[PDB]
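Input: a single structure, listed below in structure tokens.
Derivation of every value follows stated rules applied to the coordinates shown; laboratory data play no part. Please note: Cβ atoms are built from the backbone with ideal geometry, for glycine as well, and neighbour counts cover all protein chains shown.
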Amino acid sequence: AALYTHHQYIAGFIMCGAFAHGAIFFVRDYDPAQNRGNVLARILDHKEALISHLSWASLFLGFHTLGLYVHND
Amino acid sequence: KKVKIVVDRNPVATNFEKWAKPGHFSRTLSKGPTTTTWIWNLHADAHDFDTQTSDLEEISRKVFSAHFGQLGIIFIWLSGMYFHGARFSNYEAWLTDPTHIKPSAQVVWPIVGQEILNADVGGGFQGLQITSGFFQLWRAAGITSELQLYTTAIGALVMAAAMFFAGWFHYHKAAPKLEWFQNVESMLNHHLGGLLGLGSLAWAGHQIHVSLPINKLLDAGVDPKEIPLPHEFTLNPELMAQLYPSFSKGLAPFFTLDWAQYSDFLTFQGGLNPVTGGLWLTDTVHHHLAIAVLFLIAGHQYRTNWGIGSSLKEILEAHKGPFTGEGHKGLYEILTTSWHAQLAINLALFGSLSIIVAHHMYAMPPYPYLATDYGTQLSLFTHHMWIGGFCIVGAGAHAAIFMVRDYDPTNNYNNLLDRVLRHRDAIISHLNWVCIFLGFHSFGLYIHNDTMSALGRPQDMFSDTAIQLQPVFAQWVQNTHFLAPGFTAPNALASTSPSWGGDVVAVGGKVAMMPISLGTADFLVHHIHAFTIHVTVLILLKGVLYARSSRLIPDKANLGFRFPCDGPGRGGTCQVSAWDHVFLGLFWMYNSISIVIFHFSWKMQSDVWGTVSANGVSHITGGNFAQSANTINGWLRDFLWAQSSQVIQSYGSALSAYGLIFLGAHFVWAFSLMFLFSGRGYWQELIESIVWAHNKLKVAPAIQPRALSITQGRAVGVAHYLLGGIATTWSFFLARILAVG
Amino acid sequence: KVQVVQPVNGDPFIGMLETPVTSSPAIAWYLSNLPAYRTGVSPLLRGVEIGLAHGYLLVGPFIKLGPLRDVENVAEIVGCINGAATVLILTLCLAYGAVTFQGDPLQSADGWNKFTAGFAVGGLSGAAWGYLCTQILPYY
Amino acid sequence: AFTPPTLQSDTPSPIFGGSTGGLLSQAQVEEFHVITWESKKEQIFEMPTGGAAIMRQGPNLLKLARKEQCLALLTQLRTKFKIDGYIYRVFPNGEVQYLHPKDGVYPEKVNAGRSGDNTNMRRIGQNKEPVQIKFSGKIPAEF
Amino acid sequence: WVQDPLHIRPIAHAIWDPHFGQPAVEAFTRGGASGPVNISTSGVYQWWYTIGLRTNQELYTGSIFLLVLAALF
Amino acid sequence: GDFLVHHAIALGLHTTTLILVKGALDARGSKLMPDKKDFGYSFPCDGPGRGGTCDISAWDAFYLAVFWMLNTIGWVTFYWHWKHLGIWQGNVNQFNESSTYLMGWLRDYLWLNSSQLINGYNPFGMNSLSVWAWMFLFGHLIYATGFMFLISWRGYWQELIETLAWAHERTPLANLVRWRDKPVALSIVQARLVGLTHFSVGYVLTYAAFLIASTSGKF
Ligand code: CLA
Ligand code: CLA
Ligand code: CLA
Ligand code: CLA
Ligand code: CLA
Ligand code: CLA
Ligand SMILES: CC1=C(/C=C/C(C)=C/C=C/C(C)=C/C=C/C=C(C)/C=C/C=C(C)/C=C/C2=C(C)CCCC2(C)C)C(C)(C)CCC1
Ligand code: SF4
């Protein structure tokens, strides 16, 4: 139990750090002129689709998992 | 000059045009909802009558009619209570055997298996077990029939209609002028004499003629269906004479000043009735007669349309001394022109009164068979404690509001308000030192106990087994109160409460009230109470004092009472307003009252409540408060883990609902954190992405979804936090006390 | 009519008022006659007096409440504890002096350095005299 | 041309009973501020440090700690009294600056002869990219 | 622990704390050690046992080698 | 029960990723702050204008996502621990029937397994599990402290500290000691960091104490 929980918490923190440093890359080291038309620019182009679909997936999962738990309860 | 009645005829026309158009009262709210913030501000500013009109006359009229509406709502509520007692309650069955039938007054329907909630309370009945103490109240009144509850409910409905009609009439047909409202001397004369005074006198008359013979016969022990109806006792002094012989002499002793002859129903006894566990109704009769006379005397002080009397202004202006400059000069003008000043005073005094009520009702149960009803005890105490705390925080909020809006420095020059505002840093500095010192010497004591217990050095921790901290002053006061009857209370036959000392009052095999001992744990919890109270008063007092200005933001009152911040400048000015001070004071009041009710619950379940086994009292928890309350682990294990066993194991029973709310409240509280840790910007950009998704499918609203304002985010967060916490404690208390006790 | 609360120095725009606690002649005399508020006296001697008072004051808590209070040998353990407390507060004084005085003759680099030395030899002395008072006092 | 007025040290102060929000140790080591105005009647006003003072007929002087307190007091005067005042900055060595009515004309009215400091002639997104200015000891909005 | 891997609680390090009472010193003497000790929940005993380390001299040799290696880095 | 818990895990991963991805992409500028890259990765806000811009920087997205990471890993470890605690005792039925509703989690897991942990020290003595009981309460204290920084914000504290500064500069026998650094309340972003650090440390310590004392106690 100790080893599993230890490595799981370590992994969670490291994932948060990976995303934090991706954000820092975008704020600091991202050059639109060099990265023009590549997959990085293209994924910045339609960010609203990504954010809205993450929002839908999370809303669905939360609504339904909570609803089933509450119904059973 | 000369107090009189002044009204305007038909000031307002009774139409429905303004209901069709929301937001009519406020100029800013008008011109359509461009964004949802309009929808929120429509409700947030509905009763803020100050921002709808600057005329104090119109503000006062709106307040008058709103009070009538509130009275109508309260009468609807009372009518509902009495009607449910009349129809869906086992009151008539509970009267015969009040010791074994569990009070109930709400049945549920069959619709989705919720029928299980119908408890097997008793009397051949099934329903939810009420804890509002209405059965004991009705028995103390002397009801003993379900027709009388129906009559009372219908009368309360008629009176609710009367209240609503009165509100409509006094806003739309005959509305008072402003100079009517400002007759504070006449209003005080009528609220001392007419309201409280004549009300107490009328209640004493009722008890003498209804509640006293009926309850005498019930306490002697009679099936209620044979007892004469109250009008029979009232109308002939023969029956009362057989019960209370002094009624054979009539009113002649009263007008002859031979009042001692009324000693058989105007007693001074104290203590509890051994058969019911409540105060003697003769004692309460005498109490109400006495205070009715005292209030009638009090209601003649102030001057009105005749020369005799004192003036509030003259009395206030004459109390000035060397340390205060002008003293109370200008207090009269800032009390009869600002409603928020009166609201602060009245809310503070009302919350303190509610808390006093809670105390005086657990210690000295005033209704028959109410001490033995442990659920009613706990519920009534906790309810009045929470109501008092909320009212006190409201007093703080409205003191701040008055300090922001209705305070002008022209009339408040070198008077008491000016003197206080002119040295606020000293007050706040010293109050913060007191909070620090109390926090250390209250919580660090618990932490020292915890550390010594975990280290295996119980000879070092503060406890009765080691370093003692004994409440010498509280114990001395308890002893002094015990020694009163016959010494300093020569005409009192027994102590006012069996909590000072003496014997154990037990009713129906259940303890009603036994002496409460104070030791080291009681010392520690009382200092915890002092610490929490002091931090709460610090927050609210600092908000009131620095409402206007601050060395950080001198023009704060220009930003209003309720504003989020003042930019990230000066290092950050988040939550600098008075409203945010109220927002934090709510959290601290919650903490304070929660610790108070935890202390009451554990102390009563460990040192008072229990069953008498013909050889000693066997308390519910067995006395573990005296030895386990000294440590935080003791509270987490011997009170919160241990006593939660009745709520988490409630599934499939009648208390199953308390098992759901206990969980459900845990949700709401946690949900509140969403609003308290987050900020508006994240939500605005998230909503921007959501709105793009809607735009792509032509379903965007024409009303802009806007994230909640900063102030509203904080308000929603605190509302949810308080709701979740209070509901958790309420369900836990109720399930615990309805499964044991 | 008795005006007890006035602004300090008669100037109402300084963050003080003179009050029957701040300016009453008894309190003013008592504080001015305290060793700290004596600019004229040599800083070493004022440190000596302060250390004497504070070292002697500081013994009692550990004597009556230390971990080894119930054992008879508590007096000497506590004398050691108070010597250590005075020593630590001494290095506090040195850090403060070496920080605040780097760019009342007490408020100077050499004035404080001597005052820190005077606090030493007097501070340990009260921790020593406190031990002797435990072994010599009749009443104790 | 314009000539800022001279700070007359011997000026009556408002009738004030003493406050706990007045000057502190910062006014003896750094610097403090002085505000001077001229009252057409002796009237009660609200001093930004809590409490109420009475301003006297004629010239009045009042010294505070922060500049912003002085400007808050001056805004109160301009709105509720229509009184125009002057804010000087006093150093503890004796030096005196003249602050708020810098050109005699208030900051909201064009004076024609003022310096256009810190006025970029580009929009808000026309600034440089942080990657281009990396390791420069500045921010994108000052190039 | 090598002899009885299933009936021995692996010891982490010794406890030296001058605040302990006598009962705590009694309660923390566990896996056969002479004084109070901590029981390891890191699973390093199993790892070192599996990879070939059997005696304490080998553990000490590894510690010395790794100390020198850290100095070299 | 495994179905329900795996979907809870899916909710956690998706919401944490939503916060992190949104803060990473919405970091060069939003509709609310079109020039956010001019301010850097971390900054407090953009004043109370335009409705209010609290927690607007990308650093605040990381801040808000750390809570969700903690919650999600807590769900994962709760699931693993209860599944295997049923496994190791041979009583698979307790989980398999009690894990389909939340009161089963609250009662048959948190409440039941906490009996030995909270009994580590008590008025009748202590055992080896006293250190874990103390650590349990210690983590509770740290987490509860972190709420102070998370809920209260710089503005009450600045005025309070400043009144304290008046008190210290102005009291006899203490005017002889002055601060070299002017005491100011923690900054906004710093306070968010402090509250988050307390939250995480308390979370980790509390769960570690519960896990070690609930597994080593029974086995
Ligand atoms: C290989 C791993 C790695 C590396 C090399 C870096 C490197 C860097 N990071 Mg980063 N980061 C990482 C992982 C990593 N990170 C992870 C896993 C996370 C998720 C938590 C983050 C989240 C993160 C953020 C949000 C930020 C950085 C920033 C930075 C830069 C400056 C760091 C700094 O400010 O120092 C300062 C170090 C500290 C202030 C330490 C704080 C104290 C810690 C967090 C808690 C202490 C409590 C303690 C453990 C309690 C004791 C326990 C006991 C009491 C029980 C730097 C280049 C900053 C940056 O780039 O600026 C734009 C920035 O803001 N990182
Ligand atoms: C128990 C606490 C709690 C709960 C329930 C939530 C729930 C949620 N969070 Mg949240 N969060 C929390 C704590 C919590 N959080 C904390 C402490 C933080 C740190 C500040 C965050 C930070 C955070 C961020 C940054 C984000 C979320 C998001 C979300 C949403 C994710 C979508 C979803 O799961 O849909 C499921 C929906 C629900 C579970 C809500 C339940 C539905 C209700 C109960 C039904 C209504 C019934 C009834 C009509 C209620 C009204 C009755 C009353 C008026 C009388 C969701 C609503 C994300 C989001 O915004 O989504 C897009 C988002 O990005 N959270
Ligand atoms: C049916 C009779 C009637 C009619 C037609 C009107 C009509 C009008 N009144 Mg009114 N009034 C009435 C009765 C009536 N009143 C009564 C009985 C009272 C005594 C309380 C008042 C007191 C009163 C005041 C103080 C004011 C008005 C005002 C007005 C005007 C606009 C304000 C308005 O009501 O907007 C819309 C109001 C509503 C759509 C309904 C109000 C919400 C109700 C009261 C909720 C009741 C509480 C309820 C229990 C909800 C709480 C809990 C809930 C969750 C269950 C409008 C022309 C205002 C005015 O003069 O113009 C500026 C004004 O301020 N009235
Ligand atoms: C004997 C005289 C008398 C009595 C009994 C009352 C009683 C009351 N007044 Mg009142 N008042 C009086 C004189 C009186 N007043 C005078 C002379 C003035 C002029 C200054 C005022 C001005 C005044 C104001 C401005 C307000 C009150 C309010 C109230 C109510 C307090 C709220 C409450 O819940 O209390 C306890 C509730 C009860 C005891 C229930 C009893 C209800 C009955 C029906 C009372 C009706 C008696 C009525 C005052 C007598 C004349 C009515 C008749 C003309 C039809 C209360 C019912 C407040 C209020 O609630 O607004 C309505 C309020 O805002 N009064
Ligand atoms: C006699 C008591 C009393 C009265 C008459 C007032 C009157 C007033 N208050 Mg006030 N207040 C009080 C007590 C009182 N307060 C108390 C006890 C507190 C402490 C909590 C406060 C704290 C307070 C604050 C902080 C503020 C006011 C404000 C106001 C003014 C506007 C109120 C408004 O319209 O908001 C609109 C009404 C609502 C938004 C209704 C929602 C209120 C909460 C969310 C309801 C809680 C839910 C409920 C318990 C049910 C929960 C169950 C759920 C599942 C449905 C108004 C004149 C505001 C002001 O600006 O003053 C000028 C202001 O900001 N009050
Ligand atoms: C468990 C969480 C927690 C804790 C420990 C505190 C603690 C404190 N709060 Mg706080 N608060 C909290 C939650 C918490 N709060 C939350 C969630 C909120 C949001 C509503 C607030 C909002 C709030 C406000 C608005 C205010 C406070 C204030 C205070 C301080 C009051 C002084 C005192 O209590 O005396 C003493 C301090 C303690 C008893 C803390 C425990 C320390 C132990 C017992 C002793 C210390 C010795 C230590 C163990 C040895 C050092 C070890 C070494 C390694 C360093 C205090 C430090 C008030 C303040 O600033 O001062 C008046 C203030 O006004 N709080
Ligand atoms: C079935 C199976 C298989 C397959 C598998 C697969 C298919 C896999 C995978 C995988 C995956 C799929 C993985 C992943 C993960 C991911 C992650 C983990 C993420 C991430 C990202 C990030 C973190 C980002 C960052 C950033 C930002 C944010 C910005 C920009 C850019 C950067 C990068 C900087 C096999 C046959 C082999 C085996 C058996 C089973
Ligand atoms: S974070 Fe919010 S409350 Fe704080 S300064 Fe910025 S806008 Fe104002």
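Assorted remarks:
- Distance violations [Cα-Cα > 26 Å] among B:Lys216/B:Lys603; B:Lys329/C:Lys1; D:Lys41/D:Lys109; D:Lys80/D:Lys109: B:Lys216/B:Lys603; D:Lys41/D:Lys109
- Residue-count net charge about F:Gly104 - beta-carbon cut-off 12 Å; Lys, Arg +1, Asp, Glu -1: -2
- Relative to one another, the C-alpha centroids of segment B:1-23 and segment B:541-585 are positioned 37 Å apart.
- Taking trypsin sites (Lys or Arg not before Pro) across segment D:1-79, the ones in a DSSP loop with at most 14 further Cβ atoms lying within 10 angstrom of their Cβ are D:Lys40, D:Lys41.
- ³J(HN,Hα) computed for each position of segment B:267-277 - Karplus, 6.51 cos²θ - 1.76 cosθ + 1.60, integer Hz, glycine/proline x: 8, 10, 10, x, x, 10, 5, x, 8, 9, x
- A simple charge model with +1 on the Cβ of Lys and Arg, -1 on the Cβ of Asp and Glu and nothing else charged puts the dipole of segment B:299-438 at about 140 debye relative to its Cα centre.
- The mean number of partner chain beta-carbon atoms within 10 angstrom of a residue's beta-carbon across peptide A:7-16 is 6.
- Rounded if a/c under 1.5, otherwise prolate or oblate - chain B, Cα gyration tensor axes: rounded
- Segment D:40-108 and chain A: distance between their alpha carbon centers, rounded to Å: 55 Å
- Peptide E:19-26 has a mean of 6 when you count, residue by residue, the C-beta atoms of other protein chains within 10 Å of its C-beta.
- Dipole in debye (nearest 20) - chain D, about Cα centre, beta carbon charges: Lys, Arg +1; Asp, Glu -1: 480 debye
- A:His7/B:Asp464 FRET efficiency (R0 41 Å; Cβ-Cβ; nearest 0.05): 0.30
- Charges were assigned to the Cβ only: +1 to each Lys and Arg, -1 to each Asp and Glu. The resulting dipole of the protein assembly as shown about its Cα centre is roughly 3260 debye.
- The mean number of partner chain beta-carbon atoms within 10 angstrom of a residue's beta-carbon across peptide D:64-71 is 3.
- For the pair segment E:13-73 and segment B:100-128, the centres of their Cα atoms are 63 angstrom apart.
- If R0 equals 30 Å, the separation of the Cβ atoms of F:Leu112 and E:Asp4 corresponds to a calculated FRET efficiency of about 0.45.
- Kirkwood-based Rg to Rh ratio, segment F:71-219, C-alpha trace: 1.19
- In this structure, the amide hydrogen of B:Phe462, modeled 1.01 Å from its nitrogen in the peptide plane, lies closer than 5 angstrom to those of B:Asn449, counting only residues at least 5 positions away or on a different chain.
- For a modelled paramagnetic label at B:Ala202, 7 Å from Cα along Cα-to-Cβ, the residues of segment B:127-146 in reach, with backbone nitrogen under 18 Å, are B:141-142.
- FRET efficiency estimate (nearest 0.05) - Cβ-Cβ, B:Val504 to B:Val477, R0 22 angstrom: 0.60
- Between the amide H of D:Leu64 and those of D:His33, D:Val34, D:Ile35, distances stay under 5 Å, these residues lying 5 or more places away or on another chain, with hydrogens modeled in the peptide plane.
- Local net charge near B:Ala715, Cβ-Cβ under 12 Å (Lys/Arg +1, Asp/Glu -1): +1
- Inter-label distance, F:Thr145 to C:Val4: 4.3 nm, where each label sits 7 Å from its Cα along the C-beta direction.
- Each of the peptides F:63-69, E:42-48 was scored by the mean count of other Cβ atoms within 10 Å over its residues; in descending order, highest first, they stand as F:63-69, E:42-48.
- Partners for A:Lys47 among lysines (Cα-Cα distance below 28 Å; same-chain residues under 8 apart left out): B:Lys696, B:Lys698, D:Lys128, D:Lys134, F:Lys22, F:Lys31, F:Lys36, F:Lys37
- Charge-dipole axis of chain D as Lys and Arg at +1 and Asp and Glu at -1 on Cβ define it, positive-most pick from D:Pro59, D:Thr79, D:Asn93: D:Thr79
- Taking a ≥ b ≥ c as the square roots of the eigenvalues of the Cα gyration tensor, segment C:6-136 is prolate, since a/c reaches 1.5 or more and a/b is larger than b/c.
- Once both labels are positioned 7 Å from their Cα atoms along Cα-to-Cβ, the gap between C:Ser24 and B:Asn558 label points is 4.3 nm.
- Using a simple spin-label model with pseudo-atoms 7 Å out from Cα toward Cβ, B:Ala13 and B:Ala220 lie 6.7 nm apart.
- For segment E:5-14, Karplus couplings with θ = phi - 60° (6.51, -1.76, 1.60), whole Hz, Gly/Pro x: x, 10, 10, 10, 8, x, 8, 7, 9, 6
- Label-zone membership for segment B:24-47, site B:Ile73, 7 angstrom Cα→C-beta point, backbone N under 15 Å: B:43-47
- Ranking B:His287, C:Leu58, B:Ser499 by Cα position along the charge dipole of the protein assembly as shown, where only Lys, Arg, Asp and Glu carry charges on their C-beta atoms, puts C:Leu58 farthest toward the positive end.
- Ranking B:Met604, C:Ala109, C:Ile136 by Cα position along the charge dipole of the protein assembly as shown, where only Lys, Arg, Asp and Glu carry charges on their C-beta atoms, puts C:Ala109 farthest toward the positive end.
- Between B:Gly271 and B:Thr496, B:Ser497, the built amide H atoms are under 5 Å apart, and every one of these is 5 or more places off in sequence or on another chain.
- Residues of segment F:57-71 with amide N under 13 Å of a point placed 7 Å along Cα→Cβ from F:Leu193: F:59-60, F:63
- Loop-located trypsin sites (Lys or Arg not before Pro) in segment B:1-42, at most 14 other Cβ atoms within 10 Å (DSSP): B:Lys1, B:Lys2, B:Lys4, B:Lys18, B:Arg27, B:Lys31
- One equal scatterer on each Cα of chain D, no solvent, Debye formula: the resulting log10 I(q)/I(0) at q = 0.17, 0.21 Å⁻¹ is -0.98, -1.30.
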